[PDB]
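Take a look at the structure below.
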Amino acid sequence: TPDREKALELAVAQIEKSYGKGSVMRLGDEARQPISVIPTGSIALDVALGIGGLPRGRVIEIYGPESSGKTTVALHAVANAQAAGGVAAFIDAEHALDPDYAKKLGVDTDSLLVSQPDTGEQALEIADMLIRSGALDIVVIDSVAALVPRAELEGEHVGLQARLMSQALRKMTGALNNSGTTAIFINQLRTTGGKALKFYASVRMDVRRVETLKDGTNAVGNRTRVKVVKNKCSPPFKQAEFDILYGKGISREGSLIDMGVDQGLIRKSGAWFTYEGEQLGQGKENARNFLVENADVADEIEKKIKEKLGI
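For reference, each letter of the sequence shown is one residue, going 4 to 159, 164 to 197, 210 to 330 in PDB author numbering.
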């Protein structure tokens, strides 16, 4: 129906105009690639997000159970944002951060601004102050659930934690868009996904442990799964798997191999992984180990995956 196709295009454009880009997409669409994004530390996840990383100037939510990897994911966003010359902040109401781990996976913890605020509103106001400066590239709020309202802490009104977020998220959303600063809210499952946060966030990611990685006999890490349940920057509902190795973090090299074979850029002659006629290793671990020992080939593979895809 040629007469229908135009009407459909028109309707889509009218929606796209009056509510902003990404208000409607076909799930098979290619993503519109931004100038800069914050890579996540896994290329598989970067591809699931469409735009190759987390968007700038937007509210991001990352949630999952305890021991899920959601904080690891947020810490890689901090590492990479820093690695590109950015400044980072970490508003903490959990008191759980491990800086040694943070450092190993790549965070410049010395330069990391940290705040341990007294109330939930103090946390968001301080976040807003930092954002409105224009000097921050990323701010992580850990976590939504821990943000206790002042009235409740002072003894003095029941569901005003929801009223608190709504108020602040409206104010914060404008501040983030102007500054180009990404705000990451970490949230726990067992509030569930915020309430206001669920609707203000441009990207929502659901993070979970799938299975224990076998280090011969002992556990060296976890296979992690992430579904992008909400995505205003690129078609949603895509998922990715990657490895989080204890003490090291997300195995970048492991994820290059996974997306490597997925995209045909890496072939398999039996248990051997092959790239460009050369061999990477027998089994996944040798191939992974090879790529960390050979940064140049890992970057070449990373380059070729991005190019074959959107970016």
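Built from N, CA and C at the ideal position, the CB exists for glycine as well.
Which word fits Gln85, buried or exposed, when buried means at least 16 other C-beta atoms lie within 10 angstroms of its C-beta? Here residue 85 corresponds to residue number 82 of the sequence shown, with the count starting at 1. The residue is buried, with at least 16 neighbouring Cβ atoms inside 10 Å.
Taking all protein chains shown into account, do 16 or more other C-beta atoms lie within 10 angstroms of the C-beta of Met132, making it buried, or fewer, making it exposed? Reading the sequence shown from its first residue, position 129 is the one you call residue 132. Classification for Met132: exposed.
Note down, one range per segment and in chain order, each beta strand (DSSP E) of at least 3 residues found wholly within the stretch 85 to 114. 91 to 95
DSSP three-state call for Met224: helix, strand or coil? Start at 1 with the first residue of the sequence shown, and residue 224 comes out as number 205. Three-state DSSP puts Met224 in a strand.
Could you please give me the residues that DSSP links to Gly67 through a beta bridge? Locating residue 67 in the sequence shown gives position 64, where the first residue counts as 1. DSSP, once it has assigned bridges, lists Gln195 as partnering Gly67.
As a quick exercise: from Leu176, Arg286, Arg197, pick the residue whose alpha carbon is nearest that of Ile191. As a first step, residue 191 must be located in the sequence shown, where it is residue number 184. Of the listed residues, the one whose Cα sits closest to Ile191 is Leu176.
Is it true that the CB of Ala238 sits closer than 8 Å to the CB of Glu272? For the purposes of this step, residue 272 is identified with residue 253 of the sequence shown, where counting begins at 1. For the purposes of this step, residue 238 is identified with residue 219 of the sequence shown, where counting begins at 1. Not in contact: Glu272 and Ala238 (Cβ atoms no closer than 8 Å).
Looking at C-beta atoms only, is the number of pairs between the stretch 23 to 32 and the stretch 60 to 78 that lie closer than 8 Å three or more? no
Give the range of the beta strand (DSSP E) segment to which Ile144 is assigned. Here residue 144 is taken as the residue at index 141 of the sequence shown, counted from 1. Per DSSP, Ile144 belongs to the beta strand (DSSP E) from 141 to 145.
If you run the structure through DSSP and keep just helix, strand and coil, what is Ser118? Here residue 118 is taken as the residue at index 115 of the sequence shown, counted from 1. Reduced to three states, the DSSP call for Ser118 is strand.
Measuring straight from C-alpha to C-alpha, what distance separates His79 and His98? Taking the first residue of the sequence shown as position 1, residue 79 is located at position 76. Taking the first residue of the sequence shown as position 1, residue 98 is located at position 95. About 19 Å.
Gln36: which of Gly88, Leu52, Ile320, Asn241 sits nearest, CA to CA? The residue labelled residue 36 in the question sits at position 33 within the sequence shown. That would be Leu52, whose Cα lies nearest to the Cα of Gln36.
Given that a residue counts as buried once 16 or more other Cβ atoms are within 10 Å of its Cβ, and exposed if not, what is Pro102? The count along the sequence shown starts at 1 and reaches residue 102 at position 99. When all chains shown are included, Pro102 counts as exposed.
In terms of residue numbering, what span does the alpha helix (DSSP H) encompassing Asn241 cover? On the sequence shown, position 222 is the one that residue 241 refers to. Per DSSP, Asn241 belongs to no alpha helix (DSSP H); it is in the beta strand (DSSP E), 237 to 250.
Supposed contact pair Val76 and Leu139 - C-beta distance, whole angstroms, cut 8 Å: The sequence position of residue 139 within the sequence shown is 136, counting from 1. The sequence position of residue 76 within the sequence shown is 73, counting from 1. Their Cβ separation, rounded to whole angstroms, is 19 Å, which puts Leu139 and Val76 out of contact at 8 Å.
Distance, Cα to Cα, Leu13 vs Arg29? Within the sequence shown, numbered from 1, the residue matching residue 13 stands at position 10. Within the sequence shown, numbered from 1, the residue matching residue 29 stands at position 26. Whole-angstrom Cα-Cα distance: 15 Å.
Between which two residues does the alpha helix (DSSP H) harbouring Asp49 extend? As a working mapping, residue 49 is identified with position 46 in the sequence shown. It spans 46 to 51 - the alpha helix (DSSP H) in which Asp49 sits, taken as one unbroken run.
With a 10 Å radius around its C-beta and 16 neighbouring C-beta atoms as the bar for buried, classify residue 163 as buried or exposed. Here the chain breaks off after 159 and picks up again at 164, leaving residue 163 without coordinates.
Rounding to the nearest angstrom, what Cα-Cα distance links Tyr104 and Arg135 in this structure? Taking the first residue of the sequence shown as position 1, residue 104 is located at position 101. Taking the first residue of the sequence shown as position 1, residue 135 is located at position 132. Computed Cα separation, rounded: 30 Å.
Rounded straight-line distance, which links the Cα of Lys73 to that of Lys107: The residue labelled residue 107 in the question sits at position 104 within the sequence shown. The residue labelled residue 73 in the question sits at position 70 within the sequence shown. C-alpha separation (whole angstroms): 17 Å.
Rounded to the nearest angstrom, what separates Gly235 and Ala290 at their Cα positions? One-based indexing of the sequence shown puts residue 235 at position 216. One-based indexing of the sequence shown puts residue 290 at position 271. Spanning the two alpha carbons is a distance of roughly 18 Å.
Distance, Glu69 Cα to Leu48 Cα: Locating residue 48 in the sequence shown gives position 45, counting from the first residue. Locating residue 69 in the sequence shown gives position 66, counting from the first residue. Straight-line Cα distance between these residues: approximately 20 Å.
Counting C-beta neighbours from all protein chains within 10 Å, is the total for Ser270 16 or more, i.e. buried, or is it exposed? Counted from its first residue, the sequence shown places residue 270 at position 251. Buried, because 16 or more other Cβ atoms sit within 10 Å of the Cβ of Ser270.
Work out the CA separation of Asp6 and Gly240 for me, nearest whole Å. Mapped onto the sequence shown, residue 240 falls at position 221. Mapped onto the sequence shown, residue 6 falls at position 3. Whole-angstrom Cα-Cα distance: 56 Å.
Are there 16 or more other CB atoms within 10 angstroms of the CB of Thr189, so buried, or fewer, so exposed? As a working note, residue 189 is residue 182 in the sequence shown. Under this definition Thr189 is a buried residue.
Out of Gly296, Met278, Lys251, point me to the one whose CA is closest to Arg307's CA. The residue given as residue 307 occupies position 288 in the sequence shown. The residue with the shortest Cα to Cα distance from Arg307 is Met278.
Going by C-alpha distance, which of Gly302, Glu321, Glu312, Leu232 is nearest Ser274? What you label residue 274 is simply residue 255 of the sequence shown in a count that begins at 1. Nearest of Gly302, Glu321, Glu312, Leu232 to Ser274, Cα basis: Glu321.
Would you report the Cα separation of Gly296 and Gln195, rounded to the nearest angstrom? Within the sequence shown, numbered from 1, the residue matching residue 296 stands at position 277. Within the sequence shown, numbered from 1, the residue matching residue 195 stands at position 188. Taking the straight line from one Cα to the other gives about 45 Å.
With DSSP collapsed to three states, give me the class of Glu157. The residue you call residue 157 lines up with position 154 of the sequence shown. In this structure, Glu157 counts as coil in the three-state DSSP scheme.
Let me confirm a value: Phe292 is counted as buried when at least 16 other C-beta atoms fall within 10 Å, else exposed. Which label applies? As a working mapping, residue 292 is identified with position 273 in the sequence shown. With 16 or more Cβ atoms within 10 Å of its Cβ, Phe292 is classed as buried.
Is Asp121 buried or exposed, if buried means 16 or more other CB atoms sit within 10 Å of its CB? Taking the first residue of the sequence shown as 1, we reach residue 121 at position 118. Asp121 is exposed by the Cβ-count criterion.
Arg59: which of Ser71, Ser45, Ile46, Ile38 sits nearest, CA to CA? To locate residue 59, count along the sequence shown from 1; it is residue 56. Per the Cα distances, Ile38.
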